[PDB]
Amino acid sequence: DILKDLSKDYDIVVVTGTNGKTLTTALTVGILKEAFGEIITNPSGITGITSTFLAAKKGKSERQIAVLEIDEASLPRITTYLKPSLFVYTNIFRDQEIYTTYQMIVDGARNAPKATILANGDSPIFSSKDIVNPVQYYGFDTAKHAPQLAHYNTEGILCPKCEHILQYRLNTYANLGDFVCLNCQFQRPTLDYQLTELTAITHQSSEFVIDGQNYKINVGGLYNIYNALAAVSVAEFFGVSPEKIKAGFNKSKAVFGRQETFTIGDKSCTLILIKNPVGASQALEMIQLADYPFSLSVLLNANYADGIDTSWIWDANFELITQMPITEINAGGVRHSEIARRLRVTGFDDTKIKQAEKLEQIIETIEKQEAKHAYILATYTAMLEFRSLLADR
């Protein structure tokens, strides 16, 4: 039909979850293409799906595969229109109740009970409920330590079987990792796809082993490793050879983008968007890995596109700055006063935290600093303004 018969012609992979949908989809498409040729996908996404399937060069007698990013809320509706063969669940985190958001994708997959679910085993949500569909799991199986609590600002850490607090033999970020309830021994399932080795990780790259083969990406962040893991897992499930996964991966890894780097005088600068606590903490954990001295600038606006509420910065892990090679700190943006205070409270040297009322001043200061590198963390409208001021030079 308008979208139904294509589910019979195509093997349809639906990629859903809170974060990483777009990147996991783009990387999966690129690996599957190496094995199977043309892959239908929605590079930005229901009636518009009809044209994508209609542009297709392959016909009915060729191996037709679609990898589609579907929003968590739109899944029950689209699962009536088209029947996927595989669901991929990247993760679930809270918008600004998660168990209600998980219910929608449980429902959407229930509409295609034969389809396999490939879920992030490291999320305790994805083992919270009994499920009709066959499930397999990917996750991190690197070296474990003794069970320890996640950081107290972490969300979603109750055991769904006994309502005690989960601990972790390995915690990557947020509530992800090798979780274990010490009261009822509910715990992370055996992983079908294993990241077994983290071999090198920097502020701008990582190398890791997944099911006996090594991979390298050229951006930092653990969350990006999860995206590569999920895609490689889809390719293994589709039976793609290790040689073809590697070649497909290396052709498609550029979808990760690069760090937004530029120059102010002789200083090399990186600009990073911050918008919520887990995201900002992941950026701080990334830049902490830099092996050189650097200045840190943090730009906080409260405009509409930023989120009028700035209380979130108190849950971001800015305490990490005392463990970083930071030479001097700039506090900018409209709420330069509130961010300066957030940074003082970490115990960082307050004589090295300088407030600036105008972003231009931030640029002049970075321009004359002693250190060769500068990191700039910026909310959204502050990032746009900061790029626009760089244009004028």
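From 1 onward, residues are counted along the sequence shown.
- Counting the deposited residues that fall between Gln96 and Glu97 and carry no coordinates gives a value of 4 to 9.
- Gap check for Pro325 to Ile326: zero deposited residues are absent from the model.
- If you average the C-alpha B-factors over 221-229 and over 300-308, the higher value belongs to 300-308.
- Taking the mean C-alpha B-factor of each stretch as recorded, 138-146 and 97-105 are not equal, and the higher mean is that of 97-105.
- The residue among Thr263, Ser123, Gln282, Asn153 whose C-alpha atom has the highest B-factor in the PDB entry is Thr263.
- For the set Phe186, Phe237, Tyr168, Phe256, the maximum C-alpha B-factor listed in the entry falls on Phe256.
- For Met383, the recorded CA B-factor ranks within the middle third of the chain. Only modelled residues enter the ranking.
- In this PDB entry, the Cα temperature factor of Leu198 sits in the bottom third of its chain's modelled residues, the lowest group.
- Among the modelled residues of its chain, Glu163 has a C-alpha B-factor that falls in the middle third according to the deposited record.
- In the deposited entry, the Cα temperature factor of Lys244 sits in the bottom third of values across the chain's modelled residues.
- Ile65 sits in the middle third of its chain by CA B factor, as recorded in the PDB entry.
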